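Report on one structure; see the data block that follows.
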Amino acid sequence: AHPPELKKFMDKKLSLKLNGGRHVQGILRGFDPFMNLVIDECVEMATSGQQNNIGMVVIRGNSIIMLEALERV
Amino acid sequence: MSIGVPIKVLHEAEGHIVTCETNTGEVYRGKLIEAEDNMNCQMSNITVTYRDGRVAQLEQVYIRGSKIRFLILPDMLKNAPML
Amino acid sequence: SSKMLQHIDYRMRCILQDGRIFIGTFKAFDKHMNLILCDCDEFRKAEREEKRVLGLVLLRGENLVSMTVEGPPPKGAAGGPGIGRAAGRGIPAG
Amino acid sequence: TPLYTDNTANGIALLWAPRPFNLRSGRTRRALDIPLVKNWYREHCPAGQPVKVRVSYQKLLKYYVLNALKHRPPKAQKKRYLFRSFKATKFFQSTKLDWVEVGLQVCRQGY
RNA sequence: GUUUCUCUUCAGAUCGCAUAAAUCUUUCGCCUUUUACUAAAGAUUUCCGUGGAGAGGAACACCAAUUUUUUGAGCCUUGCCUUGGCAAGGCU
C-alpha cells in the first residue's frame with residue numbers, strides 16, 4: 001500500500017536532516033502517505049550550534065532527504 | 001500493475017550490503033532491511049562518507065525515495081531469475 | 001518502447017543531470033526510465049580526466065538526460081539414401 | 001453462479017466409480033477383452049453359499065494369478081497384416097454380408 | 001483442414017486395466033510303448049491385437065499538486081588549477 005513503513009520508528013528519538021542544510025532532532029509521532037511527520041520535543045540545530053527549543057511541528061514530506069534514529073527501534 | 005524489472009531487483013537486493021548516494025553528495029554504505037515501491041529504503045549499520053571527506057558510523061537510517069541518485073547493487077544479482 | 005528495446009544488452013553511455021558520465025551494459029528499463037547498468041564505469045573530465053569503476057548501478061529515472069550506443073554487444077536438409085561404391089563397367093558383346 | 005446445480009450431486013459420484021465409468025474419454029476395446037464377470041470372483045464371497053461354488057471361486061483365482069505372473073512384455077515384433085496381403089491379390093474380393101449368411105457358407109466350405 | 005485406405009520405419013511402454021498355444025532343457029505324475037498329457041522353473045518362438053513418426057492415394061469441406069515525465073530555477077565570491085575547470089561556499 002501507499003503509506004511509508006515508518007511504523008517501527010514511532011516514539012523513539014529521531015534526528016532529521018532537512019533540505020537546505022538544516023537539522024532538527026525529535027521524538028516522533030506522525031506519518032501520512034506523503035511522509036508528513038509530526039515531531040515532539042523538537043530542537044532546532046542552528047549553523048553555529050546555538051540551539052533553540054520549539055514545540056510540536058509539522059514537516060512537509062518533500063523536504064526530507066534522510067531520517068535517522070538517535071536511539072534504536 | 002506493471003511495476004517493472006528494476007524495482008523487483010531492488011526487492012531482490014534486500015538483506016545484502018548496498019551503497020547509496022543522495023542529491024547532496026553524501027555516500028551511504030549500509031545493510032539493507034526493506035525497500036518500498038517508490039524506493040524509500042531503510043538501511044542498517046552504516047558507514048557514511050560525507051561530501052567533504054569525513055567518515056561516521058550510524059545505527060539505523062531511512063532514506064526518502066526521490067532523494068537518491070544511484071544505488072550500487074551487489075554484483076551476484078546479475079544471475080537472478082528476474083533476468 | 002520499441003526504439004529503446006533495440007538498444008538492450010549493448011554497452012551504453014549515460015549522461016547524468018549533474019554532468020557526470022556512466023558507461024554500462026544495459027539490462028532493465030521501466031515506465032519512469034529507471035535503469036540497471038552493469039559492468040560499469042564512472043568517468044569524468046592537458047585537461048585532467050579520470051575513470052572510476054561501479055557495479056550493477058540502479059539509476060533513479062529523474063537524473064537521466066541522454067543515452068548513447070558505442071559498442072557491439074557483449075554477446076539443414078537430411079542425409080539421403082544414396083551410397084557410392086567402386087565398380088567396374090563391363091563392355092557388352094558387340 | 002449457483003453453489004450447486006442438479007448435475008453437481010450426480011457428477012461428484014462418478015469420481016469413485018469403477019475404472020471404465022470414472023472417465024470422460026478413453027479408447028475403444030474389443031468385445032473379447034472386457035471381462036464382464038471379473039469383479040465378482042476377486043472378492044471372498046459369503047461362506048453360506050454351497051461348497052461346490054466356493055472351490056469354483058478359488059480355482060478361478062489360480063488361472064488369474066498364473067497369467068499375470070508369467071506375463072512377459074511384447075517382443076516388438078514387426079507388423080504384418082495377413083488379410084491385407086490377401087486382398088492386394090486378384091484372387092480375393094470383398095463385400096458386405098449378413099453374419100448368418102457367412103456362417104452357413106463357412107460350414108458349407110468346411111464340409 | 002477433418003475423415004479413410006495402403007506402404008515404410010521404430011517400439012522403451014499394464015506395446016494389451018486383456019490373455020492363448022508350441023519347441024527345447026530340467027525336476028516331477030499316471031504310466032507296456034508313443035503321441036495327447038500333468039505342473040512348476042528357465043530359455044525361446046508362433047498367433048490375436050496395439051502405439052509413435054513418415055510417404056502416397058481417395059472422399060467430403062489517462063492523471064501538471066510532495067514519491068520520478070510539466071522542473072528550486074538561475075546568479076555570484078574564495079582557494080587551487082598554466083589555462084580550461086575543479087573543490088566548494090553564499091545568495092536571491
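Residues are referred to by chain and number: the chain letter is A, B, ... according to the order shown in the C-alpha cells, the number counts from 1 in that chain, and ligands are numbered separately from 1 in the order shown.
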
Contact set, chain A to chain E: 12 Å, only C-alpha atoms (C1' of nucleotides), as a PDB file with N, CA, C and O atoms, in the first residue's frame:
```pdb
ATOM      1  N   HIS A   2       0.226   2.400  -0.245  1.00  0.00           N
ATOM      2  CA  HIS A   2       0.968   3.656  -0.314  1.00  0.00           C
ATOM      3  C   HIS A   2       1.685   4.182   0.950  1.00  0.00           C
ATOM      4  O   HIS A   2       2.620   4.974   0.734  1.00  0.00           O
ATOM      5  N   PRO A   3       1.240   3.980   2.209  1.00  0.00           N
ATOM      6  CA  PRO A   3       1.971   4.574   3.347  1.00  0.00           C
ATOM      7  C   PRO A   3       3.407   4.097   3.436  1.00  0.00           C
ATOM      8  O   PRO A   3       3.725   2.952   3.062  1.00  0.00           O
ATOM      9  N   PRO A   4       4.324   4.964   3.872  1.00  0.00           N
ATOM     10  CA  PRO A   4       5.648   4.503   4.305  1.00  0.00           C
ATOM     11  C   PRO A   4       5.557   3.528   5.472  1.00  0.00           C
ATOM     12  O   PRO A   4       4.713   3.668   6.358  1.00  0.00           O
ATOM     13  N   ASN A  19      16.169  19.586   3.836  1.00  0.00           N
ATOM     14  CA  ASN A  19      16.599  20.342   2.659  1.00  0.00           C
ATOM     15  C   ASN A  19      17.191  21.700   3.029  1.00  0.00           C
ATOM     16  O   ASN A  19      16.688  22.396   3.914  1.00  0.00           O
ATOM     17  N   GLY A  20      18.257  22.081   2.329  1.00  0.00           N
ATOM     18  CA  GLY A  20      18.876  23.368   2.537  1.00  0.00           C
ATOM     19  C   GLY A  20      19.879  23.384   3.664  1.00  0.00           C
ATOM     20  O   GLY A  20      20.275  24.469   4.104  1.00  0.00           O
ATOM     21  N   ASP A  32       1.816  10.315   7.376  1.00  0.00           N
ATOM     22  CA  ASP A  32       0.682  10.117   6.480  1.00  0.00           C
ATOM     23  C   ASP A  32       1.307   9.646   5.155  1.00  0.00           C
ATOM     24  O   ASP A  32       2.541   9.557   5.118  1.00  0.00           O
ATOM     25  N   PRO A  33       0.520   9.252   4.056  1.00  0.00           N
ATOM     26  CA  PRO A  33       1.149   8.738   2.814  1.00  0.00           C
ATOM     27  C   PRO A  33       2.218   9.587   2.122  1.00  0.00           C
ATOM     28  O   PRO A  33       3.036   9.053   1.365  1.00  0.00           O
ATOM     29  N   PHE A  34       2.228  10.895   2.369  1.00  0.00           N
ATOM     30  CA  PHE A  34       3.248  11.785   1.835  1.00  0.00           C
ATOM     31  C   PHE A  34       4.514  11.877   2.680  1.00  0.00           C
ATOM     32  O   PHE A  34       5.400  12.657   2.315  1.00  0.00           O
ATOM     33  N   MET A  35       4.569  11.164   3.819  1.00  0.00           N
ATOM     34  CA  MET A  35       5.610  11.181   4.864  1.00  0.00           C
ATOM     35  C   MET A  35       5.637  12.482   5.669  1.00  0.00           C
ATOM     36  O   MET A  35       6.684  12.844   6.226  1.00  0.00           O
ATOM     37  N   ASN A  36       4.552  13.259   5.653  1.00  0.00           N
ATOM     38  CA  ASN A  36       4.426  14.418   6.534  1.00  0.00           C
ATOM     39  C   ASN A  36       4.502  13.985   7.998  1.00  0.00           C
ATOM     40  O   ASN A  36       3.670  13.205   8.464  1.00  0.00           O
ATOM     41  N   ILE A  59       6.061  18.651   9.345  1.00  0.00           N
ATOM     42  CA  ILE A  59       7.074  18.789   8.309  1.00  0.00           C
ATOM     43  C   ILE A  59       6.442  18.412   6.976  1.00  0.00           C
ATOM     44  O   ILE A  59       5.616  17.498   6.923  1.00  0.00           O
ATOM     45  N   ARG A  60       6.790  19.132   5.907  1.00  0.00           N
ATOM     46  CA  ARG A  60       6.302  18.749   4.589  1.00  0.00           C
ATOM     47  C   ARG A  60       7.133  17.550   4.141  1.00  0.00           C
ATOM     48  O   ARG A  60       8.323  17.483   4.456  1.00  0.00           O
ATOM     49  N   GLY A  61       6.488  16.593   3.451  1.00  0.00           N
ATOM     50  CA  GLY A  61       7.156  15.359   3.030  1.00  0.00           C
ATOM     51  C   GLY A  61       8.414  15.543   2.196  1.00  0.00           C
ATOM     52  O   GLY A  61       9.465  14.979   2.504  1.00  0.00           O
ATOM     53  N   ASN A  62       8.306  16.317   1.110  1.00  0.00           N
ATOM     54  CA  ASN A  62       9.379  16.511   0.132  1.00  0.00           C
ATOM     55  C   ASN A  62      10.645  17.169   0.689  1.00  0.00           C
ATOM     56  O   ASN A  62      11.713  17.048   0.080  1.00  0.00           O
ATOM     57  N   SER A  63      10.546  17.869   1.816  1.00  0.00           N
ATOM     58  CA  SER A  63      11.682  18.489   2.489  1.00  0.00           C
ATOM     59  C   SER A  63      12.681  17.524   3.129  1.00  0.00           C
ATOM     60  O   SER A  63      13.729  17.991   3.585  1.00  0.00           O
ATOM     61  N   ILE A  64      12.412  16.224   3.203  1.00  0.00           N
ATOM     62  CA  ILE A  64      13.281  15.323   3.957  1.00  0.00           C
ATOM     63  C   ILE A  64      14.248  14.711   2.949  1.00  0.00           C
ATOM     64  O   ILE A  64      13.895  14.537   1.778  1.00  0.00           O
TER      65      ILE A  64
END
```

Need to verify the contact set: residue 7 (chain E), 12 Å, only C-alpha atoms (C1' of nucleotides), exclusion of same-chain residues closer than 3 positions in sequence. Can you return it as a PDB file with C-alpha atoms (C1' of nucleotides), in the first residue's frame?
```pdb
ATOM      1  CA  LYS D  79       3.761 -55.633 -38.107  1.00  0.00           C
ATOM      2  CA  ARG D  80       2.498 -57.833 -40.945  1.00  0.00           C
ATOM      3  CA  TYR D  81      -1.204 -57.783 -41.806  1.00  0.00           C
ATOM      4  CA  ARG D  84      -4.295 -57.043 -46.376  1.00  0.00           C
ATOM      5  CA  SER D  85      -1.722 -59.223 -48.166  1.00  0.00           C
ATOM      6  CA  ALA D  88      -3.982 -56.997 -52.504  1.00  0.00           C
TER       7      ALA D  88
ATOM      8  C1'   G E  54       6.826 -40.535 -42.215  1.00  0.00           C
ATOM      9  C1'   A E  55       5.206 -41.234 -47.556  1.00  0.00           C
ATOM     10  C1'   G E  56       1.217 -41.703 -51.101  1.00  0.00           C
ATOM     11  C1'   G E  57      -3.859 -42.171 -52.697  1.00  0.00           C
TER      12        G E  57
END
```

Show me, as a PDB file with N, CA and C atoms, in the first residue's frame, the residues of chain A whose atoms get within 7 Å of chain B, using only C-alpha atoms for the distance check.
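Below is the file that was written, result_34.pdb:
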```pdb
ATOM      1  N   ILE A  64      12.412  16.224   3.203  1.00  0.00           N
ATOM      2  CA  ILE A  64      13.281  15.323   3.957  1.00  0.00           C
ATOM      3  C   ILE A  64      14.248  14.711   2.949  1.00  0.00           C
ATOM      4  N   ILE A  65      15.477  14.349   3.376  1.00  0.00           N
ATOM      5  CA  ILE A  65      16.418  13.662   2.487  1.00  0.00           C
ATOM      6  C   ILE A  65      17.122  12.576   3.314  1.00  0.00           C
ATOM      7  N   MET A  66      16.678  12.393   4.569  1.00  0.00           N
ATOM      8  CA  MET A  66      17.184  11.353   5.478  1.00  0.00           C
ATOM      9  C   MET A  66      16.388  11.388   6.784  1.00  0.00           C
ATOM     10  N   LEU A  67      16.308  10.269   7.511  1.00  0.00           N
ATOM     11  CA  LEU A  67      15.545  10.216   8.754  1.00  0.00           C
ATOM     12  C   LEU A  67      16.166   9.124   9.614  1.00  0.00           C
ATOM     13  N   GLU A  68      16.885   9.558  10.648  1.00  0.00           N
ATOM     14  CA  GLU A  68      17.903   8.785  11.342  1.00  0.00           C
ATOM     15  C   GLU A  68      17.445   8.591  12.782  1.00  0.00           C
ATOM     16  N   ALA A  69      17.792   7.465  13.408  1.00  0.00           N
ATOM     17  CA  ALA A  69      17.348   7.219  14.772  1.00  0.00           C
ATOM     18  C   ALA A  69      18.487   7.560  15.725  1.00  0.00           C
TER      19      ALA A  69
END
```

Determine which residues of chain D receive a DSSP assignment of helix (DSSP H, G or I), computed from the backbone, and state them as a CSV table (one decimal) with N, CA, C and O atoms, in the first residue's frame.
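The new file out.csv reads:
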```
chain,number,residue,atom,x,y,z
D,6,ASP,N,-28.2,-29.2,-10.5
D,6,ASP,CA,-28.7,-30.6,-10.5
D,6,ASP,C,-27.7,-31.6,-10.8
D,6,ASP,O,-27.7,-32.7,-10.3
D,7,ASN,N,-26.7,-31.3,-11.7
D,7,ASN,CA,-25.7,-32.3,-12.1
D,7,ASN,C,-24.6,-32.4,-11.0
D,7,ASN,O,-23.9,-33.4,-11.1
D,8,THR,N,-24.5,-31.5,-10.1
D,8,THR,CA,-23.4,-31.5,-9.1
D,8,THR,C,-23.5,-32.7,-8.2
D,8,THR,O,-22.5,-33.3,-7.9
D,9,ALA,N,-24.7,-33.1,-7.8
D,9,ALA,CA,-24.9,-34.3,-6.9
D,9,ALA,C,-24.5,-35.6,-7.7
D,9,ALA,O,-23.8,-36.4,-7.1
D,10,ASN,N,-24.9,-35.7,-8.9
D,10,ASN,CA,-24.6,-36.9,-9.7
D,10,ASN,C,-23.1,-36.9,-10.1
D,10,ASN,O,-22.4,-37.9,-10.0
D,11,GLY,N,-22.6,-35.7,-10.6
D,11,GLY,CA,-21.2,-35.6,-11.1
D,11,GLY,C,-20.1,-35.9,-10.1
D,11,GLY,O,-19.0,-36.4,-10.6
D,12,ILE,N,-20.3,-35.6,-8.9
D,12,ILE,CA,-19.3,-36.0,-7.8
D,12,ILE,C,-19.2,-37.5,-7.7
D,12,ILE,O,-18.1,-38.1,-7.6
D,13,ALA,N,-20.4,-38.2,-7.8
D,13,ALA,CA,-20.4,-39.6,-7.6
D,13,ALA,C,-19.6,-40.5,-8.6
D,13,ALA,O,-19.3,-41.6,-8.3
D,14,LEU,N,-19.4,-39.9,-9.8
D,14,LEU,CA,-18.6,-40.6,-10.8
D,14,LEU,C,-17.1,-40.8,-10.4
D,14,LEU,O,-16.4,-41.7,-10.9
D,15,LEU,N,-16.6,-39.9,-9.5
D,15,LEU,CA,-15.2,-39.9,-9.1
D,15,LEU,C,-14.7,-41.1,-8.4
D,15,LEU,O,-13.5,-41.5,-8.5
D,16,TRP,N,-15.6,-41.9,-7.8
D,16,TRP,CA,-15.3,-43.2,-7.2
D,16,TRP,C,-16.0,-44.4,-7.9
D,16,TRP,O,-16.1,-45.4,-7.4
D,38,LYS,N,-15.5,-60.4,-14.0
D,38,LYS,CA,-14.2,-60.5,-13.3
D,38,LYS,C,-14.3,-60.0,-11.8
D,38,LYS,O,-13.6,-60.5,-10.9
D,39,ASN,N,-15.1,-58.9,-11.6
D,39,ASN,CA,-15.1,-58.2,-10.3
D,39,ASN,C,-15.7,-59.2,-9.2
D,39,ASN,O,-15.4,-59.0,-8.0
D,40,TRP,N,-16.6,-60.1,-9.6
D,40,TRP,CA,-17.2,-61.0,-8.6
D,40,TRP,C,-16.3,-61.9,-7.9
D,40,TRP,O,-16.2,-61.9,-6.7
D,41,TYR,N,-15.6,-62.8,-8.7
D,41,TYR,CA,-14.7,-63.8,-8.1
D,41,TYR,C,-13.5,-63.3,-7.4
D,41,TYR,O,-12.8,-64.0,-6.8
D,51,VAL,N,-20.6,-75.5,-0.8
D,51,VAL,CA,-19.3,-75.9,-1.0
D,51,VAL,C,-18.8,-75.9,-2.5
D,51,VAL,O,-17.7,-75.4,-2.7
D,52,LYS,N,-19.6,-76.5,-3.4
D,52,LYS,CA,-19.3,-76.5,-4.8
D,52,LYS,C,-18.8,-75.2,-5.5
D,52,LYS,O,-17.9,-75.2,-6.2
D,53,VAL,N,-19.5,-74.1,-5.2
D,53,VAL,CA,-19.2,-72.8,-5.8
D,53,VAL,C,-17.9,-72.2,-5.2
D,53,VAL,O,-17.2,-71.5,-5.9
D,54,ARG,N,-17.7,-72.3,-3.8
D,54,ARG,CA,-16.5,-71.8,-3.1
D,54,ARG,C,-15.2,-72.3,-3.8
D,54,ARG,O,-14.3,-71.5,-4.0
D,55,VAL,N,-15.1,-73.6,-4.1
D,55,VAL,CA,-14.0,-74.1,-4.8
D,55,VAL,C,-13.9,-73.6,-6.2
D,55,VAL,O,-12.8,-73.3,-6.8
D,56,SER,N,-15.1,-73.4,-6.9
D,56,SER,CA,-15.1,-72.8,-8.2
D,56,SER,C,-14.6,-71.4,-8.2
D,56,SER,O,-14.0,-71.0,-9.2
D,57,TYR,N,-14.9,-70.5,-7.2
D,57,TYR,CA,-14.3,-69.2,-7.0
D,57,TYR,C,-12.8,-69.3,-6.9
D,57,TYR,O,-12.1,-68.6,-7.6
D,58,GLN,N,-12.3,-70.2,-6.0
D,58,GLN,CA,-10.9,-70.3,-5.7
D,58,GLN,C,-10.1,-70.8,-6.9
D,58,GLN,O,-9.0,-70.3,-7.1
D,59,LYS,N,-10.7,-71.7,-7.7
D,59,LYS,CA,-10.0,-72.2,-8.9
D,59,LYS,C,-9.9,-71.1,-10.0
D,59,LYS,O,-9.2,-71.2,-11.0
D,60,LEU,N,-10.8,-70.1,-10.0
D,60,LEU,CA,-10.7,-69.0,-10.9
D,60,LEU,C,-9.6,-68.1,-10.6
D,60,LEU,O,-9.0,-67.5,-11.6
D,61,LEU,N,-9.2,-67.9,-9.3
D,61,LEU,CA,-8.1,-67.1,-8.9
D,61,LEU,C,-6.8,-67.7,-9.4
D,61,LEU,O,-5.9,-66.9,-9.7
D,62,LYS,N,-6.7,-69.0,-9.4
D,62,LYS,CA,-5.4,-69.7,-9.8
D,62,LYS,C,-5.0,-69.4,-11.2
D,62,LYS,O,-3.8,-69.1,-11.4
D,63,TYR,N,-5.9,-69.4,-12.1
D,63,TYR,CA,-5.6,-69.1,-13.5
D,63,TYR,C,-5.3,-67.6,-13.7
D,63,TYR,O,-4.6,-67.2,-14.6
D,64,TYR,N,-6.0,-66.8,-12.9
D,64,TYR,CA,-5.7,-65.3,-12.9
D,64,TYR,C,-4.3,-65.0,-12.5
D,64,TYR,O,-3.6,-64.2,-13.2
D,65,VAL,N,-3.9,-65.5,-11.4
D,65,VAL,CA,-2.5,-65.3,-10.8
D,65,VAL,C,-1.4,-65.7,-11.8
D,65,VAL,O,-0.5,-65.0,-12.0
D,66,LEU,N,-1.6,-67.0,-12.3
D,66,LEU,CA,-0.6,-67.6,-13.2
D,66,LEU,C,-0.4,-66.8,-14.4
D,66,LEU,O,0.7,-66.7,-14.9
D,67,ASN,N,-1.5,-66.2,-15.0
D,67,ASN,CA,-1.4,-65.4,-16.2
D,67,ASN,C,-0.6,-64.2,-16.0
D,67,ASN,O,0.3,-63.8,-16.8
D,68,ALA,N,-1.0,-63.4,-15.0
D,68,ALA,CA,-0.3,-62.1,-14.7
D,68,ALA,C,1.1,-62.3,-14.2
D,68,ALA,O,1.9,-61.4,-14.4
D,69,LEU,N,1.4,-63.4,-13.6
D,69,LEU,CA,2.8,-63.7,-13.1
D,69,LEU,C,3.7,-64.0,-14.3
D,69,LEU,O,4.7,-63.4,-14.5
D,70,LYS,N,3.3,-64.9,-15.2
D,70,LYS,CA,4.1,-65.4,-16.3
D,70,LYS,C,4.0,-64.5,-17.5
D,70,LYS,O,4.6,-64.8,-18.6
D,82,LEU,N,-2.1,-60.0,-42.4
D,82,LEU,CA,-2.4,-61.1,-43.2
D,82,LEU,C,-3.4,-60.8,-44.3
D,82,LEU,O,-3.2,-61.0,-45.5
D,83,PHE,N,-4.7,-60.4,-43.9
D,83,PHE,CA,-5.8,-60.2,-44.8
D,83,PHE,C,-5.5,-59.1,-45.8
D,83,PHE,O,-6.1,-59.0,-46.9
D,84,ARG,N,-4.7,-58.1,-45.4
D,84,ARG,CA,-4.3,-57.0,-46.4
D,84,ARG,C,-3.5,-57.6,-47.5
D,84,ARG,O,-3.6,-57.2,-48.7
D,85,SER,N,-2.5,-58.5,-47.2
D,85,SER,CA,-1.7,-59.2,-48.2
D,85,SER,C,-2.6,-60.1,-49.1
D,85,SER,O,-2.3,-60.2,-50.3
D,86,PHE,N,-3.6,-60.7,-48.6
D,86,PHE,CA,-4.6,-61.4,-49.4
D,86,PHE,C,-5.3,-60.5,-50.3
D,86,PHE,O,-5.3,-60.7,-51.5
D,87,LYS,N,-6.1,-59.5,-49.8
D,87,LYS,CA,-6.9,-58.6,-50.6
D,87,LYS,C,-6.1,-57.7,-51.6
D,87,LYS,O,-6.8,-57.2,-52.5
D,99,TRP,N,-24.2,-61.8,-41.1
D,99,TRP,CA,-23.4,-62.8,-40.4
D,99,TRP,C,-24.0,-64.2,-40.5
D,99,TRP,O,-23.2,-65.2,-40.5
D,100,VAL,N,-25.3,-64.3,-40.6
D,100,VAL,CA,-25.9,-65.7,-40.6
D,100,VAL,C,-25.6,-66.3,-42.0
D,100,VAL,O,-25.5,-67.5,-42.1
D,101,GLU,N,-25.6,-65.5,-43.1
D,101,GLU,CA,-25.2,-66.0,-44.4
D,101,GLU,C,-23.8,-66.5,-44.4
D,101,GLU,O,-23.6,-67.6,-45.0
D,102,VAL,N,-22.9,-65.7,-43.9
D,102,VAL,CA,-21.4,-66.1,-43.8
D,102,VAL,C,-21.2,-67.4,-43.0
D,102,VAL,O,-20.4,-68.3,-43.4
D,103,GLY,N,-21.9,-67.5,-41.9
D,103,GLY,CA,-21.9,-68.7,-41.0
D,103,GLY,C,-22.2,-70.0,-41.7
D,103,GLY,O,-21.6,-71.0,-41.5
D,104,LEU,N,-23.3,-69.9,-42.5
D,104,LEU,CA,-23.7,-71.1,-43.3
D,104,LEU,C,-22.6,-71.4,-44.4
D,104,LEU,O,-22.3,-72.6,-44.6
D,105,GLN,N,-22.1,-70.4,-45.0
D,105,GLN,CA,-21.0,-70.5,-46.0
D,105,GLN,C,-19.8,-71.2,-45.5
D,105,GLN,O,-19.2,-72.1,-46.1
D,106,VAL,N,-19.3,-70.8,-44.3
D,106,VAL,CA,-18.1,-71.4,-43.7
D,106,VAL,C,-18.3,-72.8,-43.3
D,106,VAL,O,-17.4,-73.7,-43.5
D,107,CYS,N,-19.5,-73.2,-42.9
D,107,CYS,CA,-19.9,-74.6,-42.6
D,107,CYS,C,-20.0,-75.4,-43.9
D,107,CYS,O,-19.5,-76.5,-43.9
D,108,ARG,N,-20.6,-74.8,-44.9
D,108,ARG,CA,-20.6,-75.4,-46.2
D,108,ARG,C,-19.2,-75.6,-46.8
D,108,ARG,O,-18.9,-76.7,-47.4
D,109,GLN,N,-18.4,-74.6,-46.7
D,109,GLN,CA,-17.0,-74.7,-47.2
D,109,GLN,C,-16.2,-75.7,-46.4
D,109,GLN,O,-15.5,-76.6,-47.0
D,110,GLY,N,-16.2,-75.6,-45.1
D,110,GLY,CA,-15.5,-76.6,-44.2
D,110,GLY,C,-15.9,-78.0,-44.4
D,110,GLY,O,-15.1,-78.9,-44.3
```

Residues near residue 14 (chain E), anyone? I mean within 12 Å using only C-alpha atoms (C1' of nucleotides), not counting same-chain ones fewer than 3 positions away, as a count of residues only. 7

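Every protein, DNA or RNA residue with an atom at most 9 Å from residue 9 (chain B), where only C-alpha atoms (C1' of nucleotides) count and chain neighbours fewer than 4 positions away do not, is listed here: residues 5, 13, 73, 77, 80 and 82 of chain B.
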
Would you return as a PyMOL selection string the members of chain B that DSSP assigns to strand (DSSP E) on this structure's backbone? chain B and resi 17-22+27-35+41-49+55-63+68-72

Distance cut-off 10 Å, counting only C-alpha atoms (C1' of nucleotides) - which residues of chain C neighbour chain E? Return them as a PyMOL selection string. chain C and resi 31-34+45-48+60-63

Keeping C-alpha atoms, export the residues of the selection given above as a PDB file, in the first residue's frame.
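Generated file (out39.pdb):
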```pdb
ATOM      1  CA  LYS C  31       7.942   3.379 -17.399  1.00  0.00           C
ATOM      2  CA  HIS C  32       9.766   6.086 -15.365  1.00  0.00           C
ATOM      3  CA  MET C  33      13.047   5.368 -17.258  1.00  0.00           C
ATOM      4  CA  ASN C  34      14.727   3.726 -14.335  1.00  0.00           C
ATOM      5  CA  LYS C  45      36.710  15.067 -17.430  1.00  0.00           C
ATOM      6  CA  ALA C  46      46.052  18.621 -20.836  1.00  0.00           C
ATOM      7  CA  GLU C  47      42.647  18.853 -19.153  1.00  0.00           C
ATOM      8  CA  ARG C  48      42.610  16.161 -16.439  1.00  0.00           C
ATOM      9  CA  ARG C  60      16.504   6.536 -10.426  1.00  0.00           C
ATOM     10  CA  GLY C  61      14.795   7.899 -13.551  1.00  0.00           C
ATOM     11  CA  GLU C  62      14.811  11.642 -12.626  1.00  0.00           C
ATOM     12  CA  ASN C  63      18.547  12.048 -13.219  1.00  0.00           C
TER      13      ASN C  63
END
```

Counting only C-alpha atoms, which residues of chain C fall within 9 Å of chain B, and what is the closest atom pair for each with its distance in Å at one decimal, ordered by chain and rising number, as CSV?
```
residue,atom,partner,partner_atom,distance
C:27,CA,B:83,CA,8.0
C:28,CA,B:6,CA,6.2
C:29,CA,B:6,CA,6.8
C:30,CA,B:4,CA,5.5
C:31,CA,B:4,CA,7.6
C:34,CA,B:6,CA,6.9
C:35,CA,B:6,CA,6.8
C:36,CA,B:6,CA,6.6
C:38,CA,B:78,CA,8.1
C:39,CA,B:75,CA,8.8
C:54,CA,B:72,CA,7.1
C:55,CA,B:72,CA,5.9
C:56,CA,B:73,CA,5.4
C:57,CA,B:72,CA,4.9
C:58,CA,B:71,CA,5.2
C:59,CA,B:70,CA,4.9
C:60,CA,B:69,CA,5.7
C:61,CA,B:69,CA,8.4
C:62,CA,B:69,CA,8.0
C:63,CA,B:69,CA,6.7
```

Please provide the set of residues having any atom within 12 Å of residue 74 (chain C), restricted to only C-alpha atoms (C1' of nucleotides), with same-chain residues fewer than 2 positions apart removed, written as a VMD selection string. chain C and resid 8 to 12 24 to 27 38 to 39 70 to 72

Residue list for chain E near chain D as a PyMOL selection string, 10 Å, only C-alpha atoms (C1' of nucleotides): chain E and resi 6+9-11+13-19+49

At a cut-off of 12 Å, using only C-alpha atoms (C1' of nucleotides), what residues contact region 8-13 of chain A? Leave out same-chain residues fewer than 3 positions from it and give the result as a PyMOL selection string. (chain A and resi 4-5+16+24-31+37-43+67-73) or (chain B and resi 34+42+60-62)
